[PDB]
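For reference, coords.pdb is printed below; it contains PDB, C-alpha atoms.
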```pdb
MODEL        1
ATOM      1  CA  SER M   1     214.892  -9.917  46.360
ATOM      2  CA  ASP M   2     211.269  -8.851  46.633
ATOM      3  CA  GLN M   3     207.897 -10.446  46.046
ATOM      4  CA  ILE M   4     206.035  -8.352  48.577
ATOM      5  CA  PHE M   5     202.340  -7.877  47.952
ATOM      6  CA  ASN M   6     199.964  -6.485  50.531
ATOM      7  CA  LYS M   7     196.587  -5.681  49.100
ATOM      8  CA  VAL M   8     194.180  -3.908  51.339
ATOM      9  CA  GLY M   9     190.585  -3.829  50.284
ATOM     10  CA  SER M  10     188.249  -0.977  50.780
ATOM     11  CA  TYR M  11     184.492  -1.262  50.726
ATOM     12  CA  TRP M  12     181.968   1.497  50.555
ATOM     13  CA  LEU M  13     178.391   1.685  51.643
ATOM     14  CA  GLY M  14     176.192   4.637  52.379
ATOM     15  CA  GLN M  15     173.221   4.319  54.631
ATOM     16  CA  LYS M  16     170.745   6.870  53.443
ATOM     17  CA  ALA M  17     167.646   7.283  55.542
ATOM     18  CA  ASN M  18     165.725  10.239  56.924
ATOM     19  CA  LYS M  19     162.855  10.575  59.345
ATOM     20  CA  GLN M  20     162.114  14.011  60.614
ATOM     21  CA  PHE M  21     158.777  14.446  62.261
ATOM     22  CA  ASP M  22     157.837  17.778  63.731
ATOM     23  CA  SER M  23     154.535  18.994  65.034
ATOM     24  CA  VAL M  24     152.619  22.135  64.164
ATOM     25  CA  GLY M  25     151.126  23.962  67.098
ATOM     26  CA  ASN M  26     148.150  26.241  67.496
ATOM     27  CA  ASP M  27     146.881  28.449  70.282
ATOM     28  CA  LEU M  28     143.485  29.503  71.527
ATOM     29  CA  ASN M  29     142.156  33.021  71.717
ATOM     30  CA  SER M  30     139.223  34.471  73.630
ATOM     31  CA  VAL M  31     138.864  38.061  74.848
ATOM     32  CA  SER M  32     135.678  39.544  76.274
ATOM     33  CA  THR M  33     134.519  42.240  78.682
ATOM     34  CA  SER M  34     131.442  44.327  79.494
ATOM     35  CA  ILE M  35     130.335  47.494  81.269
ATOM     36  CA  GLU M  36     127.071  48.910  82.560
ATOM     37  CA  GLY M  37     125.348  52.027  81.324
ATOM     38  CA  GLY M  38     121.664  51.629  81.849
ATOM     39  CA  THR M  39     121.207  54.871  83.657
ATOM     40  CA  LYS M  40     121.651  57.722  81.247
ATOM     41  CA  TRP M  41     120.729  61.274  82.008
ATOM     42  CA  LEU M  42     122.933  64.189  80.904
ATOM     43  CA  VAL M  43     120.295  66.452  82.267
ATOM     44  CA  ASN M  44     119.798  66.663  85.973
ATOM     45  CA  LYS M  45     116.201  67.309  86.554
ATOM     46  CA  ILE M  46     115.567  66.324  90.157
ATOM     47  CA  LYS M  47     112.468  64.200  89.821
ATOM     48  CA  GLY M  48     111.918  60.464  89.289
ATOM     49  CA  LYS M  49     111.756  60.797  85.510
ATOM     50  CA  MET M  50     115.298  61.910  84.705
ATOM     51  CA  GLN M  51     114.696  62.580  81.030
ATOM     52  CA  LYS M  52     112.298  59.789  80.042
ATOM     53  CA  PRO M  53     108.859  58.518  81.246
ATOM     54  CA  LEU M  54     110.444  55.132  81.834
ATOM     55  CA  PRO M  55     110.725  54.753  85.640
ATOM     56  CA  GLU M  56     106.978  54.540  85.992
ATOM     57  CA  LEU M  57     106.844  51.647  83.689
ATOM     58  CA  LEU M  58     109.504  49.660  85.568
ATOM     59  CA  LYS M  59     107.609  49.863  88.768
ATOM     60  CA  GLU M  60     104.534  49.189  86.606
ATOM     61  CA  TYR M  61     105.854  45.796  85.401
ATOM     62  CA  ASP M  62     106.851  45.091  88.976
ATOM     63  CA  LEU M  63     104.328  44.689  91.837
ATOM     64  CA  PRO M  64     102.377  47.586  93.587
ATOM     65  CA  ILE M  65     104.673  47.549  96.545
ATOM     66  CA  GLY M  66     107.149  49.950  94.939
ATOM     67  CA  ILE M  67     109.187  49.018  97.995
ATOM     68  CA  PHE M  68     109.011  52.428  99.623
ATOM     69  CA  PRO M  69     111.113  55.276  98.092
ATOM     70  CA  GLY M  70     110.291  54.906  94.418
ATOM     71  CA  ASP M  71     114.042  54.796  93.785
ATOM     72  CA  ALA M  72     114.038  51.045  94.184
ATOM     73  CA  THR M  73     111.705  48.701  92.198
ATOM     74  CA  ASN M  74     113.548  49.045  89.027
ATOM     75  CA  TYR M  75     112.755  46.431  86.485
ATOM     76  CA  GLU M  76     115.747  45.115  84.539
ATOM     77  CA  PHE M  77     116.892  41.725  83.393
ATOM     78  CA  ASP M  78     120.166  40.424  82.115
ATOM     79  CA  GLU M  79     120.880  38.658  78.962
ATOM     80  CA  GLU M  80     123.166  35.867  79.951
ATOM     81  CA  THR M  81     121.540  35.640  83.273
ATOM     82  CA  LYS M  82     117.864  35.876  82.147
ATOM     83  CA  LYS M  83     117.055  36.435  85.761
ATOM     84  CA  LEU M  84     115.355  39.664  86.518
ATOM     85  CA  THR M  85     117.138  42.215  88.519
ATOM     86  CA  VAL M  86     115.540  44.914  90.595
ATOM     87  CA  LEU M  87     117.745  47.843  91.266
ATOM     88  CA  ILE M  88     117.730  49.195  94.721
ATOM     89  CA  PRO M  89     119.439  52.688  95.050
ATOM     90  CA  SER M  90     121.711  51.500  97.850
ATOM     91  CA  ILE M  91     122.221  48.609 100.141
ATOM     92  CA  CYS M  92     119.897  49.061 103.072
ATOM     93  CA  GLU M  93     120.188  46.888 106.159
ATOM     94  CA  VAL M  94     117.100  47.152 108.280
ATOM     95  CA  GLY M  95     117.052  45.677 111.734
ATOM     96  CA  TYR M  96     114.625  45.962 114.540
ATOM     97  CA  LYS M  97     113.126  43.531 117.027
ATOM     98  CA  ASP M  98     110.822  42.823 114.058
ATOM     99  CA  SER M  99     112.776  39.742 113.478
ATOM    100  CA  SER M 100     116.469  40.603 113.612
ATOM    101  CA  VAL M 101     117.856  42.326 110.536
ATOM    102  CA  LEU M 102     117.270  42.236 106.793
ATOM    103  CA  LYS M 103     119.714  43.141 104.021
ATOM    104  CA  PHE M 104     118.434  44.704 100.837
ATOM    105  CA  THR M 105     121.212  44.741  98.277
ATOM    106  CA  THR M 106     121.357  47.045  95.239
ATOM    107  CA  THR M 107     121.345  44.844  92.230
ATOM    108  CA  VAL M 108     119.227  42.008  93.373
ATOM    109  CA  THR M 109     118.031  39.265  91.158
ATOM    110  CA  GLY M 110     114.972  37.114  91.394
ATOM    111  CA  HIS M 111     112.086  35.531  89.585
ATOM    112  CA  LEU M 112     109.662  38.296  88.897
ATOM    113  CA  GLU M 113     106.250  37.465  87.982
ATOM    114  CA  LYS M 114     103.227  39.633  87.652
ATOM    115  CA  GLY M 115     101.921  39.641  91.106
ATOM    116  CA  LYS M 116     104.755  38.095  93.080
ATOM    117  CA  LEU M 117     108.542  38.196  93.079
ATOM    118  CA  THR M 118     109.802  34.774  94.062
ATOM    119  CA  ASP M 119     113.355  33.629  95.017
ATOM    120  CA  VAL M 120     115.752  36.501  95.205
ATOM    121  CA  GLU M 121     119.459  36.639  95.109
ATOM    122  CA  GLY M 122     120.858  39.333  97.325
ATOM    123  CA  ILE M 123     118.250  40.002  99.910
ATOM    124  CA  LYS M 124     119.199  38.126 102.998
ATOM    125  CA  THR M 125     116.224  37.916 105.117
ATOM    126  CA  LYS M 126     115.957  36.644 108.605
ATOM    127  CA  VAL M 127     112.371  36.489 109.803
ATOM    128  CA  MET M 128     112.660  33.260 111.662
ATOM    129  CA  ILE M 129     115.532  31.685 109.760
ATOM    130  CA  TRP M 130     118.066  33.585 107.763
ATOM    131  CA  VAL M 131     117.498  32.843 104.110
ATOM    132  CA  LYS M 132     118.458  34.848 101.003
ATOM    133  CA  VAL M 133     115.581  33.610  98.890
ATOM    134  CA  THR M 134     112.655  34.461 101.099
ATOM    135  CA  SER M 135     110.623  36.349  98.652
ATOM    136  CA  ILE M 136     107.811  38.823  98.519
ATOM    137  CA  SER M 137     104.526  37.321  97.607
ATOM    138  CA  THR M 138     102.121  39.916  96.509
ATOM    139  CA  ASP M 139      98.698  39.416  94.930
ATOM    140  CA  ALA M 140      99.240  42.402  92.608
ATOM    141  CA  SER M 141      97.568  44.339  95.366
ATOM    142  CA  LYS M 142      98.192  43.195  98.930
ATOM    143  CA  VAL M 143     101.684  42.365  99.914
ATOM    144  CA  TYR M 144     103.197  39.684 102.037
ATOM    145  CA  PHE M 145     106.710  40.644 103.023
ATOM    146  CA  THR M 146     109.861  38.725 101.894
ATOM    147  CA  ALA M 147     109.400  35.312 103.530
ATOM    148  CA  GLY M 148     105.827  34.727 102.617
ATOM    149  CA  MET M 149     103.262  35.924 105.204
ATOM    150  CA  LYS M 150     105.893  35.371 107.952
ATOM    151  CA  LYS M 151     105.908  39.128 108.351
ATOM    152  CA  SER M 152     102.539  40.773 108.005
ATOM    153  CA  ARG M 153     102.781  44.195 106.351
ATOM    154  CA  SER M 154     100.057  46.105 104.555
ATOM    155  CA  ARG M 155     100.661  47.458 100.994
ATOM    156  CA  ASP M 156      98.150  50.168 101.954
ATOM    157  CA  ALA M 157     100.605  52.739 103.304
ATOM    158  CA  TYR M 158     103.661  52.658 100.975
ATOM    159  CA  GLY M 159     103.863  49.168  99.651
ATOM    160  CA  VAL M 160     106.511  47.637 101.704
ATOM    161  CA  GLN M 161     106.348  48.719 105.337
ATOM    162  CA  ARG M 162     109.676  48.781 107.122
ATOM    163  CA  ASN M 163     111.881  51.638 108.214
ATOM    164  CA  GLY M 164     114.938  51.536 106.017
ATOM    165  CA  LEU M 165     117.051  54.054 104.220
ATOM    166  CA  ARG M 166     118.938  53.266 101.102
ATOM    167  CA  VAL M 167     121.957  55.420 101.546
ATOM    168  CA  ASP M 168     122.227  56.968  98.066
ATOM    169  CA  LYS M 169     119.563  59.594  98.372
ATOM    170  CA  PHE M 170     119.087  62.102 101.160
TER     171      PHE M 170
ENDMDL
END
```
Exercise: express the given structure as structure tokens:
Amino acid sequence: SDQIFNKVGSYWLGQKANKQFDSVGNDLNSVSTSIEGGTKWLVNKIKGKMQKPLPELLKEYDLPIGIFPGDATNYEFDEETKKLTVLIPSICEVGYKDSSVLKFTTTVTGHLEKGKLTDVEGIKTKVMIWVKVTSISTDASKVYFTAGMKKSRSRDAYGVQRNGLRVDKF
């Protein structure tokens, strides 16, 4: 004797959805460098000309001090800097009871103007206070040493009158 009935229902549903966000990246690139090659002389002719009549002109755009050796007083300027740079052959530190001691660096920068070179960057000068911007005011003729009349030196003898030796030349 049977009348058994067990119906089981089955439902179906399918949730379909999709959200996939990703992000695209990017990177930066910047490579740069530089060298120096202003001095160029494959010939070694021992005289302040090298191979071109240039060095006279540099000192010519500069003041009549010529510093002393003729090696220094080079007239150059940088591009990015736009500050003029005078090349001194070697770093000379000159000290005497004059004041104390003065440091003349090689590649010094400053505001060069026809007549006077104002505000340097490399020449630490102590005449009374130690300052690295004490500059050389010249009247395109007479010179007033780096400080501004604080040290009285006559252009007459060799331009700038102090006993220093830029240790690059003998």
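As for atom CA of residue M:128 and atom CA of residue M:163, they are spaced 18.7 Å apart.
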Using the chain letters and numbers from the file, which residues does the PyMOL selection byres ((chain M and resi 89) around 9) grab, as a list in words?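 With the PyMOL selection byres ((chain M and resi 89) around 9) on this model, the match is residues 71, 72, 87, 88, 90, 91, 92, 105, 106, 107, 166, 167, 168 and 169 of chain M.
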Specify as a VMD selection string each residue included when the PyMOL selection byres ((chain M and resi 115) around 9) is applied to this file. chain M and resid 62 to 64 112 to 114 116 to 117 137 to 141
Using only C-alpha atoms, please write the residues we just selected to a file, as a PDB file, keeping the file's coordinate frame.
```
ATOM      1  CA  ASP M  62     106.851  45.091  88.976  1.00  0.00           C
ATOM      2  CA  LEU M  63     104.328  44.689  91.837  1.00  0.00           C
ATOM      3  CA  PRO M  64     102.377  47.586  93.587  1.00  0.00           C
ATOM      4  CA  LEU M 112     109.662  38.296  88.897  1.00  0.00           C
ATOM      5  CA  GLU M 113     106.250  37.465  87.982  1.00  0.00           C
ATOM      6  CA  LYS M 114     103.227  39.633  87.652  1.00  0.00           C
ATOM      7  CA  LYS M 116     104.755  38.095  93.080  1.00  0.00           C
ATOM      8  CA  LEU M 117     108.542  38.196  93.079  1.00  0.00           C
ATOM      9  CA  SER M 137     104.526  37.321  97.607  1.00  0.00           C
ATOM     10  CA  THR M 138     102.121  39.916  96.509  1.00  0.00           C
ATOM     11  CA  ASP M 139      98.698  39.416  94.930  1.00  0.00           C
ATOM     12  CA  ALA M 140      99.240  42.402  92.608  1.00  0.00           C
ATOM     13  CA  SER M 141      97.568  44.339  95.366  1.00  0.00           C
TER      14      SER M 141
END
```
At a cut-off of 6 Å, can you tabulate as a Markdown table every residue of stretch 57-78 of chain M near stretch 83-86 of chain M together with its closest atom pair and the distance in Å to one decimal, using all atoms listed in the file and ordering rows by chain then number?
```
| residue | atom | partner | partner_atom | distance |
| --- | --- | --- | --- | --- |
| M:73 | CA | M:86 | CA | 5.6 |
| M:74 | CA | M:86 | CA | 4.8 |
| M:75 | CA | M:86 | CA | 5.2 |
| M:76 | CA | M:85 | CA | 5.1 |
| M:77 | CA | M:84 | CA | 4.0 |
```
Residue subset to file, keeping C-alpha atoms, as a PDB file, in the frame of the given file:
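Heads up, here's the output in out.pdb:
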```
ATOM      1  CA  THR M  73     111.705  48.701  92.198  1.00  0.00           C
ATOM      2  CA  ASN M  74     113.548  49.045  89.027  1.00  0.00           C
ATOM      3  CA  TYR M  75     112.755  46.431  86.485  1.00  0.00           C
ATOM      4  CA  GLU M  76     115.747  45.115  84.539  1.00  0.00           C
ATOM      5  CA  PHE M  77     116.892  41.725  83.393  1.00  0.00           C
TER       6      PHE M  77
END
```
To test your reading of the syntax: which residues would the PyMOL selection byres ((chain M and resi 142-149) around 12) return for the file shown? Reply as a ChimeraX atom specification. /M:63-67,98-99,102-104,110,115-141,150-162
Taking only C-alpha atoms into account, name the residue in M:17, M:44, M:70, M:100 that is nearest to residue M:56. M:70
Could you tell me which of M:20, M:69, M:25, M:164 comes closest to residue M:101 if we count only C-alpha atoms?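 Looking only at the distances to residue M:101, the closest residue turns out to be M:164.
Here atom CA of residue M:78 and atom CA of residue M:40 stand 17.4 Å from one another.
Taking atom CA of residue M:165 and atom CA of residue M:54 as endpoints, the distance between them is 23.4 Å.
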Edge lengths and centre in Å to one decimal, as AutoDock Vina command-line options, of the axis-aligned box that encloses all listed atoms of stretch 7-20 of chain M with 4 Å added on every side?
```
--center_x 179.4 --center_y 4.2 --center_z 54.9 --size_x 42.5 --size_y 27.7 --size_z 19.5
```
